[PDB]
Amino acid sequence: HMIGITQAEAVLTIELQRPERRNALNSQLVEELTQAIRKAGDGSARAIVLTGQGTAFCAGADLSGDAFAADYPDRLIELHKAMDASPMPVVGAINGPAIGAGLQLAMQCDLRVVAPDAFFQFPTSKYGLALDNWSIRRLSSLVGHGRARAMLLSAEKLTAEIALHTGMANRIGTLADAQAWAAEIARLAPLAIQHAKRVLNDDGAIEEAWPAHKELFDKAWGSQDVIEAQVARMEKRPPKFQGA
C-alpha cells in the first residue's frame, strides 16, 4: 500500500511512495520495505534500485498516526539487517533530500547515484536526538571524519556536489542513470559481489555502542529537549534547549 515495485532486465526498482510526507518513514513503510528487500530475486533480479516518489528520497521519520509507532525502531533495525544481509547490490537513486532516517537508509545502500538538487543531512542536533554507532561510523567513511564532525555537531547539509567530492555520491544522475548502472552490475559475477559487499560492510562500522555511548544516548532521547524540539516545530518558532 505504501511502496511500488517494478522489475526490468535483472533490475528490481523499489520505490518509496509517501510523497505527501516526502517519503518519511513509519511502522508500515519500513515493514513493507523489509519485505520487498528480502523477497527480491524470486524473481530473477540480480540488482536492486532503491528510490523515492516526488521531490525527496526520504525526508525522515513521521510516526504521527502510526498506530504502531511503539515498535518502529525494531522494524527499522530489521530493514537495515535485511539490506546488510542481502546478496543483491542496492543502488540508491537518491532523487532528492535524504534527511535523518532518510540518510541512514541512503547510507545502507551499496552504491549511490544522486540527483543534482539532492542534499544529505543529520539534523539531530536540532531535535536533541542521538544516533546509533553504525550511522556515525558509516557517515565518517563516506564524507570523511572532518565533514562528519560538522554534519553531526552542527547539522550541516551535504550538497550533491560535495557528496560527489567525498564519495558519498558515487555519481550524479537520475533514476534512469541509476537503473542503467544497476543493469551493468546485474551482469557481473554475483559471488564476487557478495564477498566484497560483506567484507566492505564489516569494515568495523557495525559497532556496539560503548557504555559511555549508551549513557549519553539514553540521556538525550529521554530528555525534555526532545519534546521542546517538536513543540517549537509545531509552533513555528525557535526551540529553547535546556540541555536536560
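C-alpha atoms forming the largest set that superposes within 1.5 Å between two forms make up the rigid core. A residue's number is simply how far along the shown sequence it sits, counting from 1.
Enquirer: If you line up the core and then measure how far each C-alpha sits from this form in 6 other deposited structures of this protein, which stretch comes out higher, 17 to 25 or 224 to 232?
Expert: If we average over structures and residues in 6 other deposited structures of this protein, the farther stretch is 224 to 232.
Enquirer: Which segment is farther from the shown form on average in 6 other deposited structures of this protein after a rigid core fit, 51 to 59 or 36 to 44, going by CA atoms?
Expert: After superposing on the rigid core, the more displaced stretch in 6 other deposited structures of this protein is 36 to 44.
Enquirer: Of the other entries that cover residues on both sides, do at least a third skip residue 64?
Expert: Yes, residue 64 lacks coordinates in at least a third of the other compared entries that model both of its neighbours.
Enquirer: Check the entry's C-alpha temperature factors for 231 to 239 and 18 to 26, then say which stretch has the higher mean.
Expert: Mean C-alpha B-factor is greater for 231 to 239.
Enquirer: Comparing average C-alpha B factors as deposited, tell me which of 42 to 50 and 185 to 193 sits higher.
Expert: Higher of the two, by average CA B-factor, is 42 to 50.
Enquirer: When you compare the CA B-factors of 207, 66, 177, 202 as listed in the entry, which one comes out on top?
Expert: Checking the PDB record, the top C-alpha B-factor among 207, 66, 177, 202 is at 66.
Enquirer: Going by what the PDB entry lists, where does residue 116 fall on CA B-factor within its chain: lowest, middle or highest third?
Expert: CA B-factor rank for residue 116: middle third.
Enquirer: Hey, what third does residue 141 fall into on Cα B-factor, ranked over its chain?
Expert: Its C-alpha B-factor belongs to the lowest third of this chain's values.
Enquirer: Can you tell me which third, lowest, middle or highest, the CA B-factor of residue 80 falls into for its chain?
Expert: Answer is middle: the recorded C-alpha B-factor places it there.
Enquirer: When the deposited Cα B-factors of this chain's modelled residues are ordered and cut into thirds, is residue 86 in the lowest, the middle or the highest one?
Expert: Tercile = middle for this residue's CA B-factor.
Enquirer: By the recorded C-alpha temperature factor, relative to the other modelled residues in its chain, which third is residue 95 in?
Expert: According to the entry, residue 95 has a C-alpha B-factor in the chain's middle third.
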